[PDB]
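> Have a look at this one.
Residue numbers (the authors' numbering), protein chains in the order written: chain A, 22 to 276; chain D, 21 to 217, 223 to 275; chain C, 21 to 215, 221 to 276; chain B, 23 to 216, 220 to 275.
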């Protein structure tokens, strides 16, 4: 399939997990891809594996200078931006009592201000190339919370509400804005947890049980939702949350 | 030509017109065998004939237990299995709780919600035996973001939305995913009829994108949820409504 | 004693037991004239007798248009107006789409959803003449956060939540607010019966607060919505569920 | 007397919703800490209430001011039973036009203020048998509007944060809920108006009830959620918005 043929797609967080699998799937679908990641070597590795239709660039999406620079390099190379996937983000454990105020602020700056900054510099370019599609990464936890990840969970509800507002702000400009809400996805964050566990498969079983489907999702499964929303298969979808979560947010199947 | 449903057996109710027709056709373009099931036998047959030997049409009133079980039996005699069920049979009416007649209220509940119940009652035993599958219901943006003066219809869509979650939890252990599509206002011969006879601008104005959707656009979301590209999605509502339900842009 | 409904005329369906009874009693303590409507005649009259002269009990099957209309006619004959309608008649059953009999599916939809439509069909023309009022439906936390093996019940509750929003939009212009309460699992004699201590514990565990709610706790939400304390609220769902629908605390 | 002798902290208590809440809590028997970024405003409200309130200057984005607020409260009255997080503000613009600093300032006051006040209040409640925390989200967390983009983003964070907190602290007997107000008449609006009549009419039209709400109306919802009348409610959003987020009635 060539759903994004010759479309220019920026994927932030593109060095690993969801962003990687999205950058690769978009390129398989004919896109030019900018692989943007806080870790420059990871971004370059993934762009190198994709080949001449990708480049990797180091971006801390919390940094306005990085974000505007990422856009300048993209337009210098391919002259336009058709799709932006805001997938940079992270989480920590703790509650309001135990989360350090610096950690709270870092989470909000990367997960939510990141969208605001990349979109701030991308959207003037889409306005000069007939519009485009922006896709944010929220979480099933935006609506069905979990305990002891409080800053992360707050950041995800910001992303869901911001997605609706942005869709309203930019509809008249031909710019669609939607978000994907993944369930618990096997990712480098989990790879490390498992690599450091005495009992990996048991821990995994615990994560599996968050979903009614009784497993974790994969990066490639989320990339498919990103592709649906980036492509013309979803041209009448804007301000929506597309959930792919194994049924983690639809009711308590453990009672 | 993608073949996202290559050799999958798909039943599409309300398959004679509008969304269900566009879904039946798209699934068949994607290599499915299609059962076009419609309240109007002629309409169902007309679409199956159009698609060719990979489809057949069957008259079904989804409010009838006897029609629904017989639909499943013809399907299995022909192709031996059911991989996908699209519940698209449905209708609405104008009025509020004061003006809607009690008979119309009941009929809207029988077709729009009980139809899912009866088709799935007979489909799921078959899916259970063939390793599971995918069931896709049709809710509406209005389930979440109401409109005035279609009150029975609106209530029925909320039922479909909640029923989709309950069913997803009921049947996940059997490898059956249940999800729903929430369309916005979709252009159709019904809307043509009124346009032929401010109104259109007002329909367009429901969506922040300021137009209506098409049957084909909702068929793409049906195809995504029927296919293996949404293998990790269950109990979800996938909204394709031009932003009609996300806030008041007016 | 708060007098949040003083002299207001209030119809409560399902008033003979559980949430509907606690609501009828709380409304009367807050000064209301109360119509205790119930599918069981004895249960409605019992409650109305215990309340005293500011209540009457009437047999009503909210699935019957005749009974619903008769109920409203009796109310306006006695007291000339209707200020509040609480739709609390309702029941559930266990099973899924495969095991639930068609007859049971239809009966759940007719009582739980059609009962709202029919009572309000006859109530609303009266409120339109008395300056509006407040209609309160009973949905469930499961309309949002489903449970397995109650599928007809769960479908009916999502119809009620959507219907509440549509109705608020249909009748705002008449000064009629329409809201619903979403209760959690509420202790009742059904639970006394089916109970041994492990199984209470599994029901308690539905809620992050690790208990079931009471009928009285739900009546306080019904009084909030029936009263003037909520005059700017319409089309809303007020959840009182101990945190049973806010995310999975058991993982 | 729903809050008789309960100690209640109200941030943003110097104006709008926070002030009406502070006054209603005191009418129901509470000791009230009126906290506000503007000292004079807090003092003004505390003076009007009398000797059951004191005014304190607090910028809720400041960890120092927030812990200091709690230490003054426990030094005066020995306990905290209720925290109302109502400090907040919004701005017009979208992601292109909102300056970065404003975006940060909105997140810091609107969302981080909840985090910091609760960080210091919760350890107290934990020792005094639990309590009730009420945040102020908005109808727009659900039903967005255009051109207020950081403010809308902040309110979705507050709603999700409310659910998270209710789960984090249920075991301590601490309930956490939020109110979602509609558009609330205020001196800001009196100014923005003085075509005046038309402008008022557009803000009124956001609600199906075709008016703006009052601060005193939202205060009644704060008082329900503070008091024992809502003891089985936690993690919830209580909407009082004249039906502004329920569907498009325009």
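For each residue, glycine too, the CB sits at the ideal point set by N, CA and C.
So the candidates are A:68, A:155 and A:129; which of them puts its Cα closest to the Cα of residue 256 (chain A)?
Out of A:68, A:155 and A:129, A:155 has the C-alpha closest to the C-alpha of residue 256 (chain A).
> According to the Cβ coordinates, are residue 168 (chain D) and residue 185 (chain C) closer than 8 Å?
In this structure, residue 185 (chain C) does not lie closer than 8 Å to residue 168 (chain D) by Cβ.
> Could one say the Cβ of residue 165 (chain D) lies closer than 8 Å to chain B's Cβ atoms, at least one of them?
For residue 165 (chain D), the answer is yes, since a Cβ of chain B falls inside 8 Å of its Cβ.
> Given a limit of 8 Å on CB to CB distance, which residues of the segment 169-182 of chain A reach chain B?
Of all residues in the segment 169-182 of chain A, 169, 170, 171, 172, 174, 175, 176, 177, 178, 179, 180, 181 and 182 have a Cβ within less than 8 Å of some Cβ in chain B.
> Quick check: what's the CA-CA separation for residue 52 (chain A) versus residue 78 (chain D)?
Distance between the alpha carbons of residue 52 (chain A) and residue 78 (chain D): 43 Å.
> Could you say which of B:34, B:228 and B:172 lies nearest to residue 114 (chain B) if we only look at CA atoms?
The option with the nearest alpha carbon to residue 114 (chain B) is B:172.
> Would you tell me roughly how many angstroms separate the C-alpha atoms of residue 222 (chain D) and residue 42 (chain B), rounded to the nearest one?
For chain D, the structure lists 217 followed at once by 223, and that leaves residue 222 (chain D) out of the model.
> Could you tell me whether the Cβ atoms of residue 239 (chain A) and residue 272 (chain C) are closer together than 8 Å?
Contact: no.
> So residue 235 (chain B) packs on residue 229 (chain B), CB below 8 Å; how close in whole Å?
Right, the Cβ-Cβ distance comes to about 5 Å (below 8 Å), so this counts as a contact.
> Considering only DSSP beta bridges, list what residue 102 (chain B) is partnered with.
BP columns for residue 102 (chain B) are empty, so no partner.
> What are the residues that DSSP puts in a beta bridge with residue 264 (chain C)?
DSSP output for residue 264 (chain C) lists C:202 as bridge partner(s).
> By Cβ distance, which residues of its chain are closer than 6 Å to residue 112 (chain C), with the 5 residues on each side in sequence left out?
Cβ within range, chain order: 170 and 173.
> With a cut-off of 8 Å, do at least 3 Cβ pairs link the segment 145-159 of chain A to the segment 103-111 of chain A?
Result yes; three or more Cβ-Cβ pairs closer than 8 Å.
> Can you pull the chain B neighbours of residue 145 (chain A), defined as C-beta to C-beta under 7 Å?
118, listed in chain order.
> Taking three-plus beta-carbon pairs below 8 Å as touching, is the segment 135-152 of chain D in contact with the segment 238-253 of chain D?
No, they do not touch.
> According to DSSP, simplified to helix, strand and coil, what is residue 58 (chain C)?
Three-state result, residue 58 (chain C): strand.
> Can you list, in chain order, the residues of the segment 102-126 of chain D whose Cβ is nearer than 8 Å to any Cβ on chain C?
Hits within the stretch, in order: 116, 117, 118, 120, 122, 125 and 126.
> Using a Cβ-Cβ distance under 8 Å, would residue 129 (chain A) count as near chain D?
Output row for residue 129 (chain A): interface = no.
> Once DSSP output is grouped into helix, strand and coil, what is the label at residue 137 (chain C)?
Correct three-state label for residue 137 (chain C): helix.
> Can the beta-carbon of residue 46 (chain A) be found closer than 8 Å to that of residue 258 (chain A)?
For residue 46 (chain A) and residue 258 (chain A), no; Cβs fall outside 8 Å.
> Do residue 83 (chain A) and residue 134 (chain A) have their CB atoms nearer than 8 Å?
Yes; because the gap between Cβ atoms is below 8 Å, this pair is in contact.
> Where does residue 129 (chain C) land, buried or exposed, given buried means 16+ other C-beta within 10 angstroms?
The residue is buried, with at least 16 neighbouring Cβ atoms inside 10 Å.
> Give me the chain D residues within the contact set of residue 138 (chain C), using Cβ-Cβ distance strictly less than 9 Å, ordered along the chain.
Ordered by position in chain D, the residues that pass the 9 Å Cβ test against residue 138 (chain C) are 117, 122 and 125.
> Using three-state DSSP, classify residue 38 (chain D) as helix, strand or coil.
Looking at residue 38 (chain D) - three-state DSSP - the assignment turns out to be helix.
> With DSSP run on the structure shown, which of helix, strand or coil describes residue 277 (chain A)?
Outside the displayed span of chain A (22 to 276) sits residue 277 (chain A), for which this structure offers no information.
> Whether or not the segment 186-206 of chain C and the segment 208-216 of chain D are in contact is what I'm after, with contact meaning three or more pairs of Cβ atoms, one per stretch, closer than 8 Å; do they touch?
Output reads no: the segment 186-206 of chain C does not touch the segment 208-216 of chain D.
> Look at the alpha carbon of residue 267 (chain C) and the alpha carbon of residue 233 (chain C), and state the distance between them as a whole number of angstroms.
Their backbone Cα atoms lie some 6 Å apart in a straight line.
> Compile a chain-ordered list of the residues in the segment 178-208 of chain B whose CB is closer than 7 Å to at least one CB of chain A.
Under the 7 Å Cβ criterion, the segment 178-208 of chain B contributes 178, 179, 181, 182, 183, 185, 186, 187, 189 and 190.
> Give me the Cβ distance between residue 33 (chain C) and residue 108 (chain C), rounded to the nearest whole Å; I'm assuming they're in contact under 8 Å.
Residue 33 (chain C) to residue 108 (chain C), Cβ: 5 Å. Contact.
> Please say whether residue 265 (chain C) and residue 241 (chain C) have beta carbons closer to each other than 8 Å?
For residue 241 (chain C) and residue 265 (chain C), no; Cβs fall outside 8 Å.
> Going along chain D, which residues have a C-beta under 8 Å from residue 271 (chain B)?
165 and 166, listed in chain order.
> Helix, strand or coil for residue 33 (chain B)? Go by DSSP, reduced to three states.
In the structure shown, residue 33 (chain B) sits in a strand (DSSP, three-state: E or B).
> What is the DSSP secondary structure of residue 155 (chain C), reduced to helix, strand or coil?
Three-state DSSP puts residue 155 (chain C) in a strand.
> To the nearest angstrom, report how far apart residue 136 (chain A) and residue 187 (chain C) are at their CA atoms.
If you take the alpha carbons of residue 136 (chain A) and residue 187 (chain C), they lie about 38 Å apart.
> Hey, could you find the ends of the beta strand (DSSP E) residue 76 (chain B) is sitting in?
Run containing residue 76 (chain B): 75-79, per the beta strand (DSSP E) assignment.
> Per DSSP, residue 166 (chain B) is paired with what?
DSSP, once it has assigned bridges, lists D:272 as partnering residue 166 (chain B).
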